[PDB]
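Starting off, we have a lone chain in the form deposited in one PDB entry, written out as structure tokens.
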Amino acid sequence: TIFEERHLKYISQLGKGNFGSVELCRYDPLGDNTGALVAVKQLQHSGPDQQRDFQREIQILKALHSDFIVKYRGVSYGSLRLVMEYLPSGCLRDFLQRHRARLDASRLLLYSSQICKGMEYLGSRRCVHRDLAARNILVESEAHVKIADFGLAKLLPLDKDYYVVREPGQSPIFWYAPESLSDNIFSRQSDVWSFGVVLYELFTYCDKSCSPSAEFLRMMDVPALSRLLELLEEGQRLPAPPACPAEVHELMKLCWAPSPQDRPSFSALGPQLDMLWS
């Protein structure tokens, strides 16, 4: 659970995100290149708010125990770094693009069921992910996906089922629920809206030409956020992906219900995805 700074050997950059970076390191106490590979997150540059938010992320991940959530390994102190298991297949978005001629509808349904099971578990922990997208899902194997990146995650108080953010988000706007776009309201029901966008991503194999951004922009002087909110309020939605099974498209539409209270729960979605055959 405690990793010594001097034994973590830098190998390469895995990613850069919101005020932080994830690096591939080898935890090599023998110094002979035989140690295990780990994914290590740290804050890129100082900030008091970012530091509090980083400690929050570590506290959230440390207490999550699911086959469908990236495993917390430990921390290194200077909390300097968050140590996690390394998944060499990487993000689901790039994985789907490379293996599209190999993965069938059954396989996409299996991934959908696994993400929905991880999300049902997050909900049971009163955790709001706030950044669910195929780029934030990791691939353990050909038949196993895991939710990652809890950098924007929040724990709901026992007496409040949503939360309000002071400043508007910094993520691509095409995954946000209408209530998040209009009032900065986030809940487990806005994670359900984002999951509908994840299902769309899976069934387009994350093809850039019909991505949520390429397609919403194509359907779209007025600000882009306000224009997307206008489209959504009118009842306009992303179209059924090419060759998408009708039942899968119908589920995406339920996730995209205008009112958060009308969206299905992750517990109700789960058996439905499993019935379609995971």
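Basically, rigid core = biggest C-alpha set you can superpose within 1.5 Å across the two forms. Quick note: we count residues from 1 along the sequence shown, nothing fancier.
Form deposited in another entry: not shown, discussed below.
The residue among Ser213, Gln236, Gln59, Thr34 whose Cα moves by 2 angstroms or more between the shown form and the other one, once the core is superposed, is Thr34. Once the cores line up, the CA of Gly270 ends up less than 2 angstroms apart between the shown form and the other one. In the core-superposed comparison between the shown form and the other one, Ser259 has its Cα shifted by less than 2 Å.
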